[PDB]
Structures are given as C-alpha cells and as structure tokens.
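Number of protein chains: 2
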Amino acid sequence: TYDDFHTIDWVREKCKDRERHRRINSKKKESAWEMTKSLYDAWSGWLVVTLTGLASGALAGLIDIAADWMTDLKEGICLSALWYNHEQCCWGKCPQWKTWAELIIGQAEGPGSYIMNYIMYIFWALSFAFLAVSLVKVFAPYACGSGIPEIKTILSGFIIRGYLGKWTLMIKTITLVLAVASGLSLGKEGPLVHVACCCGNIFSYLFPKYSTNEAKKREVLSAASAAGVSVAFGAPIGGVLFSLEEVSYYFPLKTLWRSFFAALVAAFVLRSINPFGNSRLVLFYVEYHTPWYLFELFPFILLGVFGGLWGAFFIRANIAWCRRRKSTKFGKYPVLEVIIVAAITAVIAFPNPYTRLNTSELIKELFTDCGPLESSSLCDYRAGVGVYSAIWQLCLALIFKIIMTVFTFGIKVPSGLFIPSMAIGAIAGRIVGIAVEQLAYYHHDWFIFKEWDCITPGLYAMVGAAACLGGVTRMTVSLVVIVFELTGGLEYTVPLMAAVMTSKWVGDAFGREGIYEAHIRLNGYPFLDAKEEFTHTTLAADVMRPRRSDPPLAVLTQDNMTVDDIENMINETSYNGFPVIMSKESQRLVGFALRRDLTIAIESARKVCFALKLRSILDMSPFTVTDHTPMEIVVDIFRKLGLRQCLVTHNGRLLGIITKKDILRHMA
Amino acid sequence: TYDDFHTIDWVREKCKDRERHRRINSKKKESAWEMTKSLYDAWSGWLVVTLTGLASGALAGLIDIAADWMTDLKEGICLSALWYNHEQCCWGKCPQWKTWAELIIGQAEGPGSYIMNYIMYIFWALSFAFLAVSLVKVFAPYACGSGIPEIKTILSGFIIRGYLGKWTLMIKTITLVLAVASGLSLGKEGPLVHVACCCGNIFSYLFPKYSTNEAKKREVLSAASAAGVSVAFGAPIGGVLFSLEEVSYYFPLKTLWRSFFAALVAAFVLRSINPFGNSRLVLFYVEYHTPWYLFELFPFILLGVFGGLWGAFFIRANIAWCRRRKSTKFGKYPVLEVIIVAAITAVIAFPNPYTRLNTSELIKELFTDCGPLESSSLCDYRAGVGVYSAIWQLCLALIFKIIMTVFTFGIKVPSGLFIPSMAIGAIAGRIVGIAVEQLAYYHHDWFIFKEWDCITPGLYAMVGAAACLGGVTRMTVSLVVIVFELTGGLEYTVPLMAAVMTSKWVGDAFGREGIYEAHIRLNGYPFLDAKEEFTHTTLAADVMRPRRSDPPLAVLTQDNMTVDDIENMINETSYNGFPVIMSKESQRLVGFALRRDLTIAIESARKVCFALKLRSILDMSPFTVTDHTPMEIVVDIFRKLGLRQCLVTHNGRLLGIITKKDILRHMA
Ligand SMILES: Nc1ncnc2c1ncn2[C@@H]1O[C@H](COP(=O)(O)OP(=O)(O)OP(=O)(O)O)[C@@H](O)[C@H]1O
Ligand SMILES: Nc1ncnc2c1ncn2[C@@H]1O[C@H](COP(=O)(O)OP(=O)(O)OP(=O)(O)O)[C@@H](O)[C@H]1O
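Those protein sequence lines, which keep their order, are chains A and B. Those letters in the first sequence? Residues 84 to 175, 186 to 475, 492 to 561, 567 to 721, 732 to 735, 749 to 805, per UniProt numbering, in order. Those letters in the second sequence? Residues 84 to 175, 186 to 475, 492 to 561, 567 to 721, 732 to 735, 749 to 805, per UniProt numbering, in order.
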C-alpha cells in the first residue's frame, strides 16, 4: 500500500494486478464454481461502475431537490405542502406561496414588505453560508472548493487519504446544498464530479480487484468522474470526454469503455428518476432546432474572445486573491470570510432580479428564446426604454458575477465554477444577441439581413457560456459536447467549436494554464503536467539528488545486511524505498525494496539474504536510466509510464535515484 | 529519415523536434522579421490542418456529387441537363428523366422494358466495377480497400511510402466514385478517412516543421482522419473521437486540439458548400426530436445483440474469405474477381428495390419515419398482406447484404464497411421497429402500451445501425457520437449507448478483435496493440535476439573503427542501427548509430572517432533495459513511448538489442 500524500507508482500496481490475474486464473481451473467466481471477478469492473452511476444519479437528484428547496426558502414558504419549492407550489397570484414579508409584516407589497424581504433574504443567505462553512470546517475540511483540482491530482497517481471518503462525501453533499442555497457565486455541477468520485472510491472497497489496487481504483475514479459530469449536465458522452480531457490521466481503452458504461448508467438513472416530470435535462436546459446563418459565426467568434478575455482575467485575478488569503490574516478566518462574502453577495444581489435568481434559473432564462406570452424584463419588447433598461440590468449582473465569483471561488465551502462562468458567458451572449437582433430589424436593408425573427439570442447565450467556460477551463471537445448535451442543440456545434477555440486561444495569449491547473500550481500539489515541457537543457545527472551536499545514497546489499541493520535503516530513514545492490562497492542494481513492504515483512517474521529471506518483496525490475540521459527523456518516462522512481545508473554502476517529487521540485 | 516499410521511433523524432524548436528560438531573437517567421512556424500546425479540412470538404463534396450522378446513371439519363442525377431532375411522371429501356426499347413499362433495364443495370455495374478495379490495379494498387486498417498502422508509427501519396489520392477518389456507382456492397464514408489522410500528408510538405518530422506528420494525420470522418458523416465531434479511439495512437492533448480544429474546418466547409441546398447533413440524415419510453430500451438492447452477432460473424466469415483469396487461385485475378462480384451483386440486387437502391439512399429511407403522404412499400399500411410482404423484402435485403458484403469487402477496389454494416443494422432495426409497432397497436391492452403512433421504426433503425457498426468495428463513444451527429438525434443517446455496449459485448464473446484489427492480423502488418497484453510469462533476455544461434551482436567501437570498416559494416549488414560501444570487450553503451545517418555522413565526408568525427549523428541516449526485466515491462515501454529499439543490458554490459519488429514477431 501507500502512505498519505504519496504518489502511486503505476508500473508496480500494473504488475501486482497481473499477478492477481494469474492467481485468479490458477484458481479458475480448480472447479466450475471457481470459473463462476472468476467470471464474477471479471464483471467486478462493470458492477462497480454501475453502482457508482446509480449512486451519482441518486445523489445528484437529491442535491438538486434540496438545493432548489432551500434556495426558494429565501423568498418564502408554501402553506399547502411545506416541502414544496416556489415552482412546485405555483402549478400544484399564487396564494399558496407566502413570502417572509407576508408572514411577518402581513402585506405582500410596499416599502415595508420590500425591506422585510431584503432583510430576510440577507439573513437566510448568511444562515446557509454559516452552516455550510461551519460544517465543512468542523466535520470535513476537504469538502471545500469544487474539488476538481484535487481529483486531477488523485487521478494523476497522487494520494489524499480522506479526500474521497464517506465523511467528505456526506459533508460535501450537505454543505453543497447549503452553499448553493446561500446565494453565493457558485454551483453544484462541478462539485458533483467530486461527489461521483467519492461514490466510486466508496464502492471500490466492495470488490477486491479494485480495493487493494490503486491503478484500478484510478480507473474506477475516471469512470466516476465521467458519471458525475454526466449526471451534472445530463451529458453522458460529454462526461466521458470530460474525464478523457480534464480529470483522468491514463486511458488504455478500458477506462474509456468503463467511463462509457458509467456515464450511460448515470444518464439512465437520471432519466428514470424524474420525480416531478422535469423533462429539462437539467434546470438550465433549452431545446434548439432552428438554423443559423454563416454571418452569425462572426459575432460568435467575438464571444469566444470575451471568454478568453474573461477566463484569462479570472485566472489572473482569482488566483491572485486566493494567494492573498493563503498568505494574509484573511486565511486565519474561514467562517468569518464566508459570512462576509455571503452577506455582501446577498446585499448586492437582492436588488437586481437576475442576480437575485439562483444561477441555474438565470442560465435557463438566458438560454430560453423569447416567447410571445412571456413578458419578462429579459424579453420585454414594445423597442424602447425597456430594452435599454434590460440591457443595463444584464450588464450590472455581468459585472456583479465577475467581481463576486473572483472573490468567491476559493472560500471554504463547496464551490463550483461551471455555473458562475457559464452564467457570465450567458449574460454576455444574451447581451450580444439582443444587440444583434436590434441591429437586424433596425438595419434590415443591409445585405446580410436582407438576403438570409432572424436571430435567436438564446443561441448567442449558449455560445457565450461555452466561450467563457472554455476560456476559464480551456476545454475544447468535452466543453462543446457538454454544452449541446446540456441544451440538446446538436445543430449549433460549429458555432460552439468556433467560440471555444477562439476563447482558448485568447486565453492562452495570457497564459496557457486553466483554472484547475492554476489551483494545483497555487496549492502546490504534486501534479506532473503533460502540457508543460522540460524546456530547460539539462541532463539526468543534475536532477538526481544524491548530490555532493547530500548524504550517501541509502542502499542495501543483497546478503551482507542483517535484520537489525535493515530495521535501523527503516526507522532512522524516512525514505520509502532502497536500491538493493550486490555490495557497497559493486553497486549493481539487484532490485528495489519498498520501506512499507520491508517493515511489514520484518514485523511478520518477528511476530537477511535477498538472494531472513526478503526476495518475496524485492523489486527485481527497477526502472533505470543512464546518467547521461537528457532529463526531458526521464520526464517523458515518468509521465507516460507513471513511475515513482527511476534509479539512474552510470556505466552499470548505481549512481543514484530520481523520484516524481524530485522532478516536480526541479520544475519549480 | 526512414526507409520503406520501416517503423517510426517516436522518441528520436520528438528530440529532433526539440532541437528544431531550439534553433528556431535562436533565430527568433535575430530580428523582428524573425519573430514574425517564428510566429508563422507556430501557426504552421493550424494552417496545415486548415488546408486539410478545406481539401477534405471539397473532395468529399465532389465524390458525393460524382458518385450520385454515376449511380443514377445506371437507371437512365436526364434530357434537360445531362449533368443532373435522378433527383436533381425530378424537382428541376418525370418526363425529363429517361431510362435505358425508354432510350433503347422506347417503352417505359412492359416485360421488354424490364428485361432491358435489367441488362443495362447489370452492364453499367460491370462497367463501373471494371473501371475501378482496372484503374486501381494499374495506377495505384494502394487505393483498394477502405484503407483504415493501414492508416491505423501508419498512425502507429509504421511507414508505407506511397500509401498516402498523390497517385493514391487521385486513383482512390476516381475508383471510389466508380465502386460506389458500381452497386457493390461498399461505401465511401470509410474511404474518406484515407482520402483525408492523403490530403494531410500532401499538405504536410508545404511546411518544414511537419515535412521532415514523422511524429508531427502523424499528428497531422490524426487531425486529417478526424476531418475525414467529420466530412464523411457531418460529425465533427464524432470524427475527433473516431481519431481518438480508432485510428490515431498518441494524444498529448495537442493532437486533440488540432483534431478539434481540423474537424471544425471540415464541418464548416461542408456547411458552406451546399451546391444544391441539401440540408441533410449527409444523404442519409434524418432529424429526430421525439421522445422514447423506458420499455423501448429492452428491444434496443436486443438489437445490440444482433449487431454483436453480426459483427462477430462478419469478422469470422469475411476474414476467412480474404485469407482464401490471399492463398488460392482467386488472389491471382483481381479484375476478374471484381467483375464477377459486381455481376452477381447487380443480378441479385436489381429485383429487390431495397437492394437496387444505393445503400446511402436505403439508409436514408430506413432512418426516415413514415409520413402520411408517403406510400412506399417500406411504409405501406392499410395492416395486411402488404406489411408482411414489405417485411419479407427487408429480410431478403438483409440476407443479400450480409452475404455480399462478406464476399465484397476485401476486393481490390475502394471499399468501405461503414455503410454496408450500417445498412444491415438499419434493415434489422426497421424490421424490429415494424414488428414492435404492430405489437403496439394490435396489443394496446398491455400495460406497457396502455400506460405510456407510439413507436418510431426510424429510431429502431438508427439503433440497429449503431448496433451492427459497433459489433463489427467495436467502437463505443466515437460510434455513438457519429450516429447522433449523422442523424441529429441527440435525444436518443442512451439507447445508442446501450445498443453499442451490448453489440460490443456480444461481439467480444466470440473474439475481441474488430474488423480493422483482423485486417492487420490477416495482412500481417506490424501493429503493436494496446488491447492485447503479453500474457506470456517471459523475460526480456529471451525475446532479445542476438541468440546463440544468431551471429555476434553487430556493434561499433567508439574510436578503434576506421571509415572503411564502418562502410563495410553498412554495406554488408542490412541493420538500420548499431550500438556504438567503448570497446569490443568493455561493451559499454556509448550511443546508437543509425545506418542511414552513418551512410549519409560518410558519403558527405568523402564527397573514425565517435568521441572522421561521427559524434554529430551518434545517439548518446539509447533506451536501455535490464536483461532480467520482464518482457511485459518492455512491451509497455515500446507501446507507451513508441520506441523502435531498446538495447538490453546485463549488469551494464551491453547484452543485445530488441526492436518493435522483434516483439511483434514473438507475439505471433
Ligand atoms: N534510497 C534513497 N537513497 C538516497 N536518496 C534517496 C533515496 N530515496 C529517495 N531519495 C531522495 O530523497 C528525496 C525523495 O525521497 P523519498 O523516496 O522519500 O520521496 P518523496 O519525494 O518524499 O516522495 P514519496 O512520499 O512519494 O516517496 C529525493 O531527494 C530523492 O533523491
Ligand atoms: N545492431 C544489431 N546487432 C545485432 N542484431 C541486431 C542489430 N539490430 C537489429 N538486430 C536484430 O535484427 C532483427 C531486426 O533488425 P533491424 O534493426 O534491421 O530491424 P527490422 O526488424 O528489420 O526493422 P526496421 O526496418 O524497423 O529496422 C532483430 O532480430 C534484431 O534483434
């Protein structure tokens, strides 16, 4: 096994899995019942991903229901059935629903009612934020943040012991509902990836092939991330591609098939479980089957620019804020900071209706194209002063969400960035769509409008959402698939692709890192990035760190050592492994002895010749590299193979050692 | 560079690319114009993929137009404008169109007219098949087959010198139009991947960063395969995922973005260029926005079974036929075999209207749901004898396509398998859909129909197409994305996922290889597979082949050798590389000397000390592995890193060499 905060050596896990397969095949021939058991062991992967999908579907549904209920609880309660949210009672004047101004002051409208509603909205936002931050701080500090930056590192081979446990799962679910209902600039769509990975890790223990294997566990977590995205956006294929591109790290075509199955199971559960018949794939779905004209692809591209100019700004601003908190008085007061952020968000969001709306419903509104019956300020046409006032409201919502999400992403409560960035993009896209429609029917004499309503601002809102989401995240295929799986509009894919590449390029013009890589670099997690390349001209001899300043390379001789000597080496040295060599002078790589395996073997024996025997645990095949090998090659070895150590050699004479951590330290 | 039919060592190419980048950066600081040139060199990749997308769009459009024209030429000609196909003149009784019975016999209907149409259809099928096979045999033998099995090997690092040249491109385009119009059981959708790769390879030469680099060329070919799929199915994301899953081999997240851009460019070209306003994304598009009920997912799964039972049968039957041809008299007569196949297909396909229809229009018909105005035999409702007769016709078409595609895939003309397998699946799905609809409105009293027309056979045809396509190809995410990008129905995704997984599982029950892998094993191409694992328990010492029966390991000493000695080694030995060592006794790995580089350097010098100097070409960093390393590890090294040789060592004493070909020979 592995110690806390320690990396996973992928090759050793793969080898162990191979011996397990060999032993299972040996037991298989024993009896027909053993053949059935071997078949069950084979199905284990499908069963674990199936359970993960069912759990992710159930938990996403429960979180949606609870979050909607407690979000609407900020404006009032239902008298008929208290367990119904605003919409659930509207269709179930709206006499049933009663606001807090109605319950306390007794009069629905008037300055008194507005002030009472303002005060009660702020109070409930503070209460939900307080409960979320307090529960996270007390019972599970790992439940804060979206969590994707850390599952990226966990799928890279890193280990965070309690990160995907039961306590983190429970507290993240509860505190995510609370934070969503608190009115903070965040969403649960991102955090459902963490919740799905929690379910996957929890269910891995039910199976032996995945309980004791960290590589199989990583594969199950990749499938679980796919399921989490699938259930968050109703985007099975989009979730598969998100796990392909964002979170998971290796894909030997088996993780792809099992992510396919896990996303399928999650999507099927989400379809079967429709407690109130909400056909909307998620609360911010909007159907689309209208066509678009080539000229429209010009403004779409510009939306990408905004996204690239927002993402780029966000990664430059939020990452600068989170540093200050981490290195100032602010970082000493999690609860107080969440309280102040929630209070300010409530105070400055209650006035403007768009900011008052919970972000998912705001994105639903911005995506939905105007209908003749609708007369909301968003689709309020004579045009006249009303349209300009609506555009001004949308601009204010844009500015407010930008500023607040900058200050609100990293706070210590479950906080997503898919929905705030998506809403910023949708506000941008809707403003642009309204502007283009005004231009269209005011200047219809121009050839572009003369030859080809003519334009749907909902499509522009979709494209702006994709633009900002790709600018901040830097996701291309997963993001587009997620967007048209979310919205169902598989007729606007080319516009989405144009916006997403434009946003990614404009974002990369200011720095190639996304928000999930910048909250890995900022947190100093040990993540070896594939995008980054060892541009430095260096040799493996430099990076390897048995340096002249360092002590002698800790090693073990094959037969000279005694039990007491190796036990002393275990206790007095923190190293997790030792190169087992022929002799202190021969320095011939005989194998690699793991500190945990050595300790366990010695303890079991008490409760030395590597040729107390210790050949059972000896790693006869340690990966080696020439001392003159260029370092970039070693970086590629580590990245493609996912090794933990590579024992450099010099003309066959053991020269030292390199570890993933050594490369990561050097690359800083 | 590399010799014909020789593999690509990915690490050496990657390193060379690094030195090219370093030199470009050095030149960059020279002047601002050099900064502009460096920026152009960076854009080179986007420009090459853009050109590839434009070319693929243009060529796919031209091939569609020409193939439709020549296919309809089998039934007659248009008098108004001879350059119009049947449909182009129907909307442009249909007096304009005149069949060959009309032109020759002068009678539209009657036994004489029917016999004359029979004879002329057969004659034109023979003529087109003859021209296709003859042109391929004479001018470009590489234009035969779908070609995907070979681009799979080319993207793996193999080299086939003329395979993606200009002659292969031209002849494949022409002979693909001819084969499509010949009425053979095939399609052009698959071969457009080969055509797109041809365009990508052709355009790579316009850029130096991609002309002289085989790894960059492979990346451009991955993007080109994405573009080819995108333009073949109108499925840009589907093409990106097809290149992810089927053809291309490595994805350092840059090939993903450039495949994204190439698919975007191809899709945009296909959208812009609509010469006759055919909104159908391809001639066999069908819109879908209706819902499906959970019970319908039961028959869908069964369709997958059929697909898995067809794919499985096909890989068992066709691969058995192609072997016989390759090892019997049949393989000596390409032209005669194509003639006989075309004649039999025409003779047995003219009677049944569904087989008479070109497969793309047949799939369009099977996908299209019945409309009240339509009264075709496919949607001929009173029900009565007509429905049973239509089902019988569909069964006959199913049997005929199965049998013929088995005998018709491998013949020496451009032959795809996406469309024949898709049509078999669509016939199966339509038969099942009609059966289920009859069951639905005859037995409406059952609770499944009582609670929830009620069923669309077009959706069942979609699902059956996906079932058979995944059974034969064994593609999961790419196939589903292609299907709902092709049809636009991003509301039936879960049924497609379920049918595709069922088909893949049932197919794997009879053998895990698809059709593009069984035509690599059958052709004996040097393809190292990720799905396959070295289940054999063996050590690298066994696989390495400087065996006791083999001669001494050809090696070079660093300084002792003279120019004449190394030239003699070059001429008398066919090896492409030599381990350069310290001495014939020291056997210390100093580096690796490539035969081509050695020959070129010696020739240039005439027109030795590796410490005529030859340190410029010496590979100071040859990948090495311990002689006791398990062979599974070495296989993983080769597969993940894509090396060509791994110089095994024994306690630092050079022990031998292993090559990709050595591993492939052993795995046989
Ligand atoms: N057996 C060893 N002999 C000498 N130096 C070693 C040995 N093992 C590791 N080192 C050095 O110690 C540092 C890393 O030691 P260690 O193996 O404990 O890894 P780590 O970076 O703490 O990570 P992990 O927790 O994954 O093991 C690096 O400087 C490495 O060069
Ligand atoms: N320098 C060498 N000394 C001894 N045996 C060698 C040497 N190079 C290759 N071999 C052996 O010769 C066979 C392969 O030789 P070679 O290097 O020509 O490769 P190949 O399989 O023909 O492929 P490629 O065309 O890609 O080089 C294998 O048996 C390999 O063990």
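Yeah, the Cβ is synthetic: ideal placement off N, Cα and C, and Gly gets one too.
Asked                                                                                                                                                                                         : Found
Assuming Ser352/B and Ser315/B are in contact, meaning their beta carbons sit under 8 Å apart, how far apart are those beta carbons, in whole angstroms?                                      : 6 Å
Considering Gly321/A, what are the terminal residues of the beta strand (DSSP E) in which it resides?                                                                                         : It is not in any beta strand (DSSP E) - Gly321/A instead sits in the alpha helix (DSSP H) that spans 307-326.
Whose CA, out of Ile629/B, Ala623/B, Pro767/B, lies closest to the CA of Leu122/A?                                                                                                            : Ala623/B
In the segment 367-385 of chain A, which residues sit with their C-beta less than 7 Å from some C-beta in chain B, listed in chain order?                                                     : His382
So is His633/A buried or exposed if we call it buried at 16+ other beta carbons inside 10 Å?                                                                                                  : buried
Counting only beta-carbon separations shorter than 8 Å, does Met118/B have a partner in chain A?                                                                                              : no
Using the Cα positions of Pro666/A and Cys415/A, report the straight-line distance between them to the nearest angstrom.                                                                      : 40 Å
Is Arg659/B near ligand 3, going by C-beta to nearest heavy atom under 7 Å?                                                                                                                   : Ligands present in the displayed structure are limited to ligand 1 and ligand 2, and ligand 3 is not among them.
Can you tell me whether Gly625/B is helix, strand or coil according to DSSP?                                                                                                                  : coil
Any beta-carbon of chain B closer than 8 Å to the one on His650/A?                                                                                                                            : no
Quick one: any contact between the segment 453-461 of chain A and the segment 573-591 of chain A, if contact means 3 or more CB pairs under 8 Å?                                              : yes
Quick check for students: name the residue ranges of the beta strand (DSSP E) that lie wholly in the segment 653-705 of chain A, counting only runs of 3 or more.                             : 691-695
Pull up the DSSP beta-bridge partners for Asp711/A, would you.                                                                                                                                : Paired residues: none, contrary to the question.
Can you tell me whether DSSP reads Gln547/A as helix, strand or coil?                                                                                                                         : helix
For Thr766/A, go through chain B and note every residue whose CB falls closer than 7 Å to its CB, in chain order.                                                                             : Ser758
With a cut-off of 8 Å on the beta carbons, I'd call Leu224/A and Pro523/A a contact; round off their distance for me.                                                                         : About 12 Å separates the two Cβ atoms, so there is no contact after all.
Under the criterion of a Cβ to heavy atom distance below 7 Å, does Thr246/A qualify as lining ligand 1?                                                                                       : no
Would the segment 697-715 of chain A and the segment 750-759 of chain A be scored as touching if the rule is three or more Cβ pairs under 8 Å?                                                : yes
Between the Cα of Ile800/A and the Cα atoms of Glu647/A, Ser498/A, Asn294/A, which residue gives the shortest distance?                                                                       : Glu647/A
Could you check whether the Cβ of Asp124/B sits closer than 8 Å to any Cβ belonging to chain A?                                                                                               : no
Report the start-end ranges of each beta strand (DSSP E) in the segment 386-421 of chain B that is 3 residues or longer and not cut off at the edges.                                         : none
Would DSSP call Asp643/B helix, strand or coil?                                                                                                                                               : coil
When we look at the beta-carbon of residue 747/A and count the other beta-carbons within 10 Å, is it buried (16 or more) or exposed?                                                          : Between 735 and 749, chain A has no modelled residues, which means residue 747/A does not appear in the coordinates.
Looking at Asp799/A and ligand 1, is the gap between the Cβ and the nearest heavy atom below 7 Å?                                                                                             : yes
Between the segment 246-263 of chain B and the segment 214-223 of chain B, can you find at least three pairs of beta-carbon atoms closer than 8 Å?                                            : no
Would you list the one or two residues that DSSP bridges to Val434/A?                                                                                                                         : For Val434/A, which the question treats as bridged, DSSP gives no partner whatsoever.
In whole angstroms, give me the CA-to-CA distance for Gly572/A and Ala308/B.                                                                                                                  : 42 Å
According to DSSP, is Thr796/A part of a helix, a strand, or is it coil?                                                                                                                      : strand
Of all Cβ atoms in chain A, is any one closer than 8 Å to the Cβ of residue 737/B?                                                                                                            : Structure remark: chain B lacks residues between 735 and 749, so residue 737/B is without coordinates.
For residue 80/A, return the contacting residues in chain B, with the cut-off set at a CB-CB distance below 7 Å.                                                                              : Because chain A in this structure spans residues 84 to 805, residue 80/A falls outside the shown range and cannot be described.
Identify, in the order they occur along the chain, each residue of the same chain with its Cβ nearer than 8 Å to the Cβ of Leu507/B, setting aside the five sequence neighbours on each side. : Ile533, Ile536, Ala537, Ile540
Out of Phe734/B, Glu699/B, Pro660/B, point me to the one whose CA is closest to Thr676/B's CA.                                                                                                : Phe734/B
Starting from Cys237/B, follow its DSSP beta bridges and name the residues at the other end.                                                                                                  : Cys237/B pairs with nothing; no bridge assigned.
Would you say the beta carbon of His89/B is closer than 7 Å to some non-hydrogen atom of ligand 2?                                                                                            : yes
Taking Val762/A as part of the beta strand (DSSP E), name the residues at either end of that continuous run.                                                                                  : 761-763
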